[PDB]
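From first to last, the protein sequence lines stand for chains 19, 1z, 1H, 1N and 1E.
For the first sequence, the authors' numbering begins at 1 and goes up steadily by one.
For the second sequence, the authors' numbering begins at 1 and goes up steadily by one.
For the third sequence, the authors' numbering begins at 2 and goes up steadily by one.
For the fourth sequence, the authors' numbering begins at 1 and goes up steadily by one.
For the fifth sequence, the authors' numbering begins at 1 and goes up steadily by one.
To keep things clear, I will list the structure first and then write my remarks on it.
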Amino acid sequence: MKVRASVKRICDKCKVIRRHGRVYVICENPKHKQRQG
Amino acid sequence: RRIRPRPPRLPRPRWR
Amino acid sequence: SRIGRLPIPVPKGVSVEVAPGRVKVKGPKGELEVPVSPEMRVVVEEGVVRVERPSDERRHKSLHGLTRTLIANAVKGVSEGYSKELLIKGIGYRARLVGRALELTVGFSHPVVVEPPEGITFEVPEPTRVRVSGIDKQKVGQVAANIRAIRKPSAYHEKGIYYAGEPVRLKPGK
Amino acid sequence: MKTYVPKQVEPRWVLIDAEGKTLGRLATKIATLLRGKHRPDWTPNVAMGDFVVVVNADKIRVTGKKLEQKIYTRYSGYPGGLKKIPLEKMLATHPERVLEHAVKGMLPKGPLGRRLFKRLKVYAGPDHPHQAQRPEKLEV
Amino acid sequence: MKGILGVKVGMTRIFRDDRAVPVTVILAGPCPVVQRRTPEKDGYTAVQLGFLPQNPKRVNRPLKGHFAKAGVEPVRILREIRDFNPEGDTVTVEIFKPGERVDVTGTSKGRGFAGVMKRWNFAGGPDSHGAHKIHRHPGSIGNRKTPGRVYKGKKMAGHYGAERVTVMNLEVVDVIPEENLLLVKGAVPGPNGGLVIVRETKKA
RNA sequence: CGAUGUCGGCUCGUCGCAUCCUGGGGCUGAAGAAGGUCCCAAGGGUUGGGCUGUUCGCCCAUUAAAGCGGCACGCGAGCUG
RNA sequence: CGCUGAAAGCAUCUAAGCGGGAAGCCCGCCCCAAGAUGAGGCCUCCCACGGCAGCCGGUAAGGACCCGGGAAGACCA
Ligand SMILES: [Mg+2]
Ligand SMILES: [Mg+2]
Ligand SMILES: [Mg+2]
Ligand SMILES: [Mg+2]
Ligand SMILES: [Mg+2]
Ligand SMILES: [Mg+2]
Ligand SMILES: [Mg+2]
Ligand SMILES: [Mg+2]
Ligand SMILES: [Mg+2]
Ligand SMILES: [Mg+2]
Ligand SMILES: [Mg+2]
Ligand SMILES: [Mg+2]
Ligand SMILES: [Mg+2]
Ligand SMILES: [Mg+2]
Ligand SMILES: [Mg+2]
Ligand SMILES: [Mg+2]
Ligand SMILES: [Mg+2]
Ligand SMILES: [Mg+2]
Ligand SMILES: [Mg+2]
Ligand SMILES: [Mg+2]
Ligand SMILES: [Mg+2]
Ligand SMILES: [Mg+2]
Ligand SMILES: [Mg+2]
Ligand SMILES: [Mg+2]
Ligand SMILES: [Mg+2]
Ligand SMILES: [Mg+2]
Ligand SMILES: [Mg+2]
Ligand SMILES: [Mg+2]
Ligand SMILES: [Mg+2]
Ligand SMILES: [Mg+2]
Ligand SMILES: [Mg+2]
Ligand SMILES: [Mg+2]
Ligand SMILES: [Mg+2]
Ligand SMILES: [Mg+2]
Ligand SMILES: [Mg+2]
Ligand SMILES: [Mg+2]
Ligand SMILES: [Mg+2]
Ligand SMILES: [Mg+2]
Ligand SMILES: [Mg+2]
Ligand SMILES: [Mg+2]
Ligand SMILES: [Mg+2]
Ligand SMILES: [Mg+2]
Ligand SMILES: [Mg+2]
Ligand SMILES: [Mg+2]
Ligand SMILES: [Mg+2]
Ligand SMILES: [Mg+2]
Ligand SMILES: [Mg+2]
Ligand SMILES: [Mg+2]
Ligand SMILES: [Mg+2]
Ligand SMILES: [Mg+2]
Ligand SMILES: [Mg+2]
Ligand SMILES: [Mg+2]
Ligand SMILES: [Mg+2]
Ligand SMILES: [Mg+2]
Ligand SMILES: [Mg+2]
Ligand SMILES: [Mg+2]
Ligand SMILES: [Mg+2]
Ligand SMILES: [Mg+2]
Ligand SMILES: [Mg+2]
Ligand SMILES: [Mg+2]
Ligand SMILES: [Mg+2]
Ligand SMILES: [Mg+2]
Ligand SMILES: [Mg+2]
Ligand SMILES: [Mg+2]
Ligand SMILES: [Mg+2]
Ligand SMILES: [Mg+2]
Ligand SMILES: [Zn+2]
C-alpha cells in the first residue's frame, strides 16, 4: 500500500473512497491501493 | 554533537 | 434508481411484524430480528412490506436503502435461506465432515477443525466442495469468509480455498 | 447598617436522578447546590450549600464521540507515571468517578472548596443508603 | 487454591534417577482452621490457618477468645489463604503430592542498610587510575537544571532484605506425611526456622 | 563577567521516535528461502576487542540487532583529568 | 484484511451494525499500600468507676517501661 499526501486515481478502474476519516484509493490492480497520510 | 570544538571560558580554578 | 422505495415481496406465508427499532420476520426456516432506525418507517401492506424516509437528506436517503435490503435479506432468509460454496483446489487439499464440525486438510502440519456457530449448517458433497448453509445472510458470508481465510487463494498457483465462481487470476513465477 | 450574615443554618438534602442527563449540564447545577448560591442568605466564607445525593450515575449521558475520546489522566510522580484512561472504561470500572470528577473541577479550590466535594454523594444504580436524611427529590 | 503455613528447616540434596536434586525441607503441617472468610460476612473468600501450638500463658484474652469461637488450642501464628475453603478443618501436607508445583512465600534474609552495589548491582568506580573515594559510590543521580530534581523510585542505598519474597513454580519433590515434612526443589526465601507459606503454583 | 567550571571517558540513568532487532502489516520487478519498499509499534533489547585524549570513524570476532537523538553538546557540591 | 450494506439500480470494510488483527494498551503475575482524612471490612476482649461532646483522679481488656536476646537492626523500629 502507498501512503502519501497526494492520493490520486492512476487508471480508469481506480476508485476513491473515504472510510474512517481517511481518503483511500482502492482498485483491482493492487499496486494502485492508496491511503492518505 | 557539536563539530567545531567549543573553547573553554574558565581557566582551571587556580590555588590563590 | 432507488433501492429504499422498491417494495419487498413477502412470500406465503412469512410474517413480518413491526416494533420500535426492530421488525420480526418469522418463517418456515426460522425467525430473524431486523433492527430499524426509528427515523425510517416500516409499513406492512398486503403480502408486501414497504420502507419510507421522513425527509430527503443524506442520512435518510442512506438509512432507506439499507433498512430495505435488511428486511429483504431477512425475508429470503426465513423462506429460501442462504448458502455459499467453497472450492478446494490443490493436490493435497480436501475436507470432510465429522458429525457437525468441518475438518479441513489444506497442507499444514495439521488439519483445521471449524465448529459451526448457531444457525449454521456444514455440508460436504465432494471432498473439494464445502457448503455453508444458514438462514442469516450476514452470518453465512461471515463463516464462508472465515473458512476461505484458513487457506486463501494463492497468488502463484491454483491451490487454496476459492469462492464459488471466484476467478483465478494468477501472476507469473518465472 | 451592615449586611446580614446568618446564624449558621442546618443544611438541606437533595436527590437527583442522573439518568439521561448530560454530564456537564448536571455538574453545573450540582456545583451550585453545593455552594449554596441558590440561597438568599449566601455567605462565601462558610459551607451552607445543600447535601446532594446523585443516583444512576452510571447512566450519565454524553454528547459527541467522548466515550472513546475523553481521557481522564493521572500522574503518579515516577518517570512514566502518566496514565491515560478513556471515559468508556472509567464508566465500566468506576462509574461514580465520572460525575465526581466533573463536579469537582467546578467547585472552588481551597479548604472550603474541597470540603464541599465531601457533601456530594454520588451513587451508581437506582438506590442510595442515605435514607436517614430523607432527601427532597429535586428536578434539574 | 490450596495453601499451608510452615517453617523452613534447611537444605540438602536427595538423589533421584541418577541425578542429585537440590532441595529445601519445610515442616509444613499441620494447620487447624480457626476462621473462615465468606462473601456474606467478609466480601471475599479465604481460610484463616494457624500454626505451631503456643503456651496458653502467653496469649492475651482477646486472642484467646478468638481461638475459642473455633475450638482451636492457642497457636503461635495465624495466617489466611485466599480462595481456599478446605473440606476438613485441618490442612496438612497431604494436599500436596510429588510432581506438583508450588509457590513459596517467605520473609527474606535482611541485609540491613545496603550500599548501592549489594542492593542494586551497580558497578561502582575504578579501583585505581585516579578514582577518588568513590569506589563503592553510585555516580550521578540526575541531570542538571532540567528537571533539576531526582526521579521518584531512584535506586539508591538503604535497607535491603527482611521483606516478603515469593519464589514461584517450585517442584514438590516429596512429602513425608508422618513427619509433616515437605521437600521442595531449589531455593526458598527466608532463613532456617523462618515461617513460609506454601501454595499451589500459578504457572503452567 | 560582586563566576552559569568548560571536550572525552566512567558511573547512574530517563525521555522522544524520523524503529537497528524482536512483534503486526500492505505493495513487490514476492516461486521458495532470502531481499527491497512503505505502514503500525517505543514493551524489552541493542556484544567484546585493535587504533587515536578523542566524540566520530575505520578495523577484528560476533550477533536477533550491533538505531539515531533530547535532557546546560544530561550528569566535576558524583569520580576522572 | 474482511462480513453484511446504502446514500449512488452498479460498486464500496461504514454512512446503521459485526467479525478478525501486534512483543504494544487494559486486566492477569510479583511487591508496596486505608495519612484511600474518602482514614474501609471481619474475628475477638474490657465495659454501666468515683468527685465539681468538660475536668481531675482510681481501674478494666490491653499497652509501655526495665531486663535476656535475635540471619531484625546505624539509633529508632
Ligand atoms: Mg504522485
Ligand atoms: Mg474497483
Ligand atoms: Mg562532542
Ligand atoms: Mg584568591
Ligand atoms: Mg444489495
Ligand atoms: Mg503435509
Ligand atoms: Mg460557599
Ligand atoms: Mg459518546
Ligand atoms: Mg481563586
Ligand atoms: Mg510470612
Ligand atoms: Mg549485588
Ligand atoms: Mg542484589
Ligand atoms: Mg543479586
Ligand atoms: Mg566497568
Ligand atoms: Mg569493581
Ligand atoms: Mg587526585
Ligand atoms: Mg588528591
Ligand atoms: Mg569525593
Ligand atoms: Mg582510594
Ligand atoms: Mg553540578
Ligand atoms: Mg522543574
Ligand atoms: Mg525491613
Ligand atoms: Mg521449567
Ligand atoms: Mg543452618
Ligand atoms: Mg519461628
Ligand atoms: Mg561571565
Ligand atoms: Mg569585574
Ligand atoms: Mg553573586
Ligand atoms: Mg562566587
Ligand atoms: Mg557560583
Ligand atoms: Mg574508546
Ligand atoms: Mg519488524
Ligand atoms: Mg514481521
Ligand atoms: Mg514487508
Ligand atoms: Mg518469501
Ligand atoms: Mg525469487
Ligand atoms: Mg512511525
Ligand atoms: Mg522499543
Ligand atoms: Mg596492544
Ligand atoms: Mg592530538
Ligand atoms: Mg576522528
Ligand atoms: Mg546481520
Ligand atoms: Mg532477521
Ligand atoms: Mg562495538
Ligand atoms: Mg542516550
Ligand atoms: Mg555537556
Ligand atoms: Mg572536579
Ligand atoms: Mg567532565
Ligand atoms: Mg554545582
Ligand atoms: Mg596528574
Ligand atoms: Mg593536560
Ligand atoms: Mg460488499
Ligand atoms: Mg459503523
Ligand atoms: Mg477474516
Ligand atoms: Mg479481538
Ligand atoms: Mg514474550
Ligand atoms: Mg501485604
Ligand atoms: Mg485505618
Ligand atoms: Mg492494610
Ligand atoms: Mg485523593
Ligand atoms: Mg477532614
Ligand atoms: Mg480501620
Ligand atoms: Mg469493604
Ligand atoms: Mg532476619
Ligand atoms: Mg534495635
Ligand atoms: Mg538490640
Ligand atoms: Zn487503478
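Every residue gets a Cβ at the ideal spot worked out from N, C-alpha and C, and that includes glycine.
Distance cut-off 6 Å: residue i Cβ against heavy atoms of ligand 3
i	result
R97 (chain 1N)	no
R61 (chain 1N)	no
is_contact[residue i, chain 1N] using C-beta, thresh 7 Å
i	result
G139 (chain 1E)	no
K152 (chain 1E)	yes
Cutoff 7 Å: residue i Cβ touching any chain 1E Cβ
i	result
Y78 (chain 1N)	yes
Which of helix, strand or coil DSSP assigns to residue i
i	result
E100 (chain 1N)	helix
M90 (chain 1N)	helix
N147 (chain 1H)	helix
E68 (chain 1N)	helix
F51 (chain 1N)	strand
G108 (chain 1H)	coil
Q34 (chain 19)	strand
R60 (chain 1H)	helix
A20 (chain 1H)	strand
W120 (chain 1E)	helix
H159 (chain 1E)	strand
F96 (chain 1E)	coil
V141 (chain 1H)	helix
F84 (chain 1E)	coil
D127 (chain 1N)	coil
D58 (chain 1N)	helix
residue 254 (chain 1E)	Residue 254 (chain 1E) is absent from the model: chain 1E starts at 1 and stops at 204.
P55 (chain 1H)	coil
Residue i: CB within 6 Å of a non-hydrogen atom of ligand 54
i	result
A150 (chain 1H)	yes
Contact test: residue i Cβ vs ligand 5 heavy atom, cutoff 6 Å
i	result
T93 (chain 1N)	no
Integer-rounded CB distance, given that residue j should sit under 8 Å from residue i
i	j	result
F96 (chain 1E)	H159 (chain 1E)	Actually they are not in contact, since the Cβ atoms of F96 (chain 1E) and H159 (chain 1E) sit about 34 Å apart, beyond 8 Å.
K140 (chain 1H)	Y157 (chain 1H)	About 33 Å; that fails the 8 Å criterion.
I81 (chain 1E)	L52 (chain 1E)	Actually they are not in contact, since the Cβ atoms of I81 (chain 1E) and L52 (chain 1E) sit about 16 Å apart, beyond 8 Å.
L107 (chain 1N)	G113 (chain 1N)	5 Å
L27 (chain 1E)	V7 (chain 1E)	5 Å
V50 (chain 1H)	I9 (chain 1H)	5 Å
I176 (chain 1E)	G3 (chain 1E)	About 19 Å separates the two Cβ atoms, so there is no contact after all.
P126 (chain 1N)	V55 (chain 1N)	6 Å
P22 (chain 1E)	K185 (chain 1E)	7 Å
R42 (chain 1H)	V52 (chain 1H)	7 Å
Any non-hydrogen atom of ligand 4 closer than 6 Å to residue i Cβ
i	result
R14 (chain 1z)	no
Heavy atom of ligand 7 within 6 Å of residue i beta-carbon
i	result
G36 (chain 1N)	yes
Residue i: CB within 6 Å of a non-hydrogen atom of ligand 22
i	result
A162 (chain 1E)	yes
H129 (chain 1E)	no
Cβ-heavy atom distance, residue i to ligand 67, below 6 Å
i	result
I10 (chain 19)	yes
Residue i: CB within 6 Å of a non-hydrogen atom of ligand 64
i	result
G112 (chain 1E)	no
Near ligand 21: residue i beta-carbon under 6 Å from a heavy atom
i	result
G10 (chain 1E)	no
Any non-hydrogen atom of ligand 10 within 6 Å of residue i CB
i	result
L170 (chain 1E)	no
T107 (chain 1E)	yes
Q. In chain order, which continuous runs of the alpha helix (DSSP H) of length 4 or greater are located wholly inside the segment 3-70 of chain 1E?
A. Whole alpha helix (DSSP H) segments, 4+ residues: 39-42, 61-68.
Q: Please specify which runs of the beta strand (DSSP E), each continuous and at least 3 residues long, are wholly inside the segment 62-136 of chain 1H, giving them in chain order.
A: 83-90, 95-99, 102-106, 113-115, 121-124, 130-135
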